[PDB]
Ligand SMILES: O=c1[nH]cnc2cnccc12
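Here's a solo chain for you in structure tokens, the form deposited without this ligand.
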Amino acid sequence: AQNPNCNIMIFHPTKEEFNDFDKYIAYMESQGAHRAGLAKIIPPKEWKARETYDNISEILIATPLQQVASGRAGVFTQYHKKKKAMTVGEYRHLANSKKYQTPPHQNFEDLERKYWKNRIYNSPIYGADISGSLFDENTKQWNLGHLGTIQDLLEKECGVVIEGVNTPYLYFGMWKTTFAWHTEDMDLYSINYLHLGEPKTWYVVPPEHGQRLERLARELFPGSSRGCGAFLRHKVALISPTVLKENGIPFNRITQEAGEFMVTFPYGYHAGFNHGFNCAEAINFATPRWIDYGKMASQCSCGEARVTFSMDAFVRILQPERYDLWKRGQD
């Protein structure tokens, strides 16, 4: 069995190897990459997403979200308070202001320390789930707007034509911008490209140990667990690496820098934070190996994980018994 310790693996494809997305994902798995639940892919030196990032200031963040925490430093939830619209230009200026700018620090480990010590006492603001792409139309390899669709994958494997179409999303982040512990909708894969700016630190639990994380979360968020059998679908809960370690939860961490891809794997619980102003793009995708994960994915029916019409068909076909209950949760 490849990668038995479930380490996060890092890949350096050549130009040739970067020419077939599906084929390279299969190759990573053949090396045991998926056991970690996350991998890093460094593109070939000659590759670029786009020419420059000089004309992105006019993109609109219709609904910036201020992330307000409740709890204690290492075990907290956050909620999203809606702010007034701002351009990326305005957002960037805000990220860089005294109130929100990255503090001076020694290195990534020093910033991580400061994040977990201090995050709860501040409320950073971010631009989430903005439909769009910063990949140049002419970029042919690993263009996140040019991947095969989950709908076509599902139809190829199962022979059922379904409505829906998934497209990439943009994220604009600042120091302390926080991604709560979660797996992807329907436990899909995800791919995340960091277009520009400061790093993102990721935490990941191996898919084979996902239930250990769920068990701990039930204990640490007892009221949340009571209200919903799949409350991590709400994407509001944070647990520090110190608390994970204290409770024996297997996990790994890695820092993504601008110009790097990260792929998350079916049922890989992940969380993280932004080091400072950045912009990332992400999309879900599927392979034949995802199908069985999609069939077993936990669903929120309490109304607190509203997703989209796009997920309707996946629940409808892969989980007929859960569909009705899920649906009315969506109503």
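Throughout, we count residues from 1 along the sequence that is shown.
In what follows, reference is made to the form solved in complex with this ligand, a form of this protein that is not presented.
Within 2.4 Å of any backbone or C-beta atom of the shown chain, none of the atoms of this ligand lands once it is superimposed from its position in the entry with it bound; the pocket counts as open. Among residues of the shown chain, residue 261 is not one whose heavy atoms approach this ligand to within 4.5 Å in the entry with it bound. Looking at residue 133, you'd find every heavy atom of it more than 4.5 angstroms from this ligand in the entry with it bound. Along 155 to 176, a non-hydrogen atom within 4.5 Å of this ligand in the entry with it bound is carried only by 171.
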